[PDB]
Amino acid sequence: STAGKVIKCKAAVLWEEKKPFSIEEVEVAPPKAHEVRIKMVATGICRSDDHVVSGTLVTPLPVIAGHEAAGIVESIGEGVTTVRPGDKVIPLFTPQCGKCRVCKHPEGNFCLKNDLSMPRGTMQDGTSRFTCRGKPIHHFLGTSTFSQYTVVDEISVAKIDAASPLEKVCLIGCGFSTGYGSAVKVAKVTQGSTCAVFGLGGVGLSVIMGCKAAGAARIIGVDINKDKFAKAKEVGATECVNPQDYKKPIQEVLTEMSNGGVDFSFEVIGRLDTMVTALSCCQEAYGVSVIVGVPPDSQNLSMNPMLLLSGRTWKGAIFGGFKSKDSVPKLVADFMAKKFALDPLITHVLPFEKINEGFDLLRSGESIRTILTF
């Protein structure tokens, strides 16, 4: 009944850096050509949403953030062919156009239509579907899931299994897939290897799950919050280390523990110093280090290139290297077939209107993923 009409609903608007989210009455325009309007069912709180608040990640304000979500298609614009009203969907913060050089490459996933590299905070057409008191509100990563309803470009949504539990599979929209893919697809962890994972939040726990799936023999978790260690061990870490416990740098500790360096390391925090530490702790001749965490805007790291000359490989990726529209439905099917677990990532469930409590939980160190429900 709402098709082709403006919807008035609630959304969490970020008006200013370093402020709480403000629950506002917003107007959500109907979808234009090749757009899809989605009724939200569940959305996770990811550290990257917090990075918008903290100024770590720069995107145009005011904004409706949120990017890790699942919902049901309310309506489709002209020319949409990949979803229909009533379909369960996951919005894709990294699109898959299918036509750019990256989409056509076997390995590449950072589609050229992304809004990550040079954020505009709009739909593909350069406009917004959201107003608050007549003021346009920016989109975030072409998703904007902290709203009862959102509009996304067709290249930024995937149809998923009709029977999937949206309150769990929302994590496939970001954290789970990112960490898991970073292990299994980007690093290509090998059986019997030794892995070190820096950061034991939702993404890092998903890296651990991927290293375990890949058959790693040792998975060393590293975090300054020792409260994170029990869950890390539950999902496959063989050992955990707190850098604060040592009188020496942790790269030296990990090199000694691993008898000369790890096979694979992962930076899953977003600090420059830990990126260099994680590179250094992999074995100098054949080690691989993958950057997953997102650091503060515009800051360069300093490193000695001899770390690379000896033979190390250093790489990064977005969304675990997964081609998003192809991969999301397959990951949901794998979940439904019991190939991996999502419940270990979910520590809190709150109604949407308690969004700020959810962020307070993340910032305090107490949660992994809070799922917001509608």
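Start at 1 and count along the sequence shown; that's the residue number. Each form is matched to the other, and the largest set of C-alpha atoms that superpose within 1.5 Å is called the rigid core.
In 4 other deposited structures of this protein, superposed by the rigid core, the C-alpha atoms of 51-59 lie farther from the shown form than the other of 343-351 and 51-59.
Put simply, when the other structures in 4 other deposited structures of this protein are lined up on the rigid core, the C-alpha atoms of 288-296 lie farther off than those of the other stretch, from 288-296 and 178-186. Set 307-315 against 58-66 and average the Cα temperature factors; 58-66 ends up higher. For the pair 185-193 and 131-139, the mean B factor over Cα atoms is greater in 131-139. Of the residues listed, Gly199, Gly210, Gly261, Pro106, the entry assigns the biggest Cα temperature factor to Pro106. Per the PDB record, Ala162 has a higher Cα B-factor than any other of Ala285, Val292, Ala162, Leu279. Ranked by C-alpha B-factor against the other modelled residues of its chain, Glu167 falls in the highest third.
Compared with the other modelled residues of the chain, the Cα B-factor recorded for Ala341 ranks in the highest third. Among all modelled residues in this chain, the alpha-carbon of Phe110 has a temperature factor (C-alpha) in the lowest third. When the modelled residues of the chain are ordered by their C-alpha B factor, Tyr246 lands in the highest third. The deposited CA B-factor of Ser298 belongs to the highest third of values across its chain.
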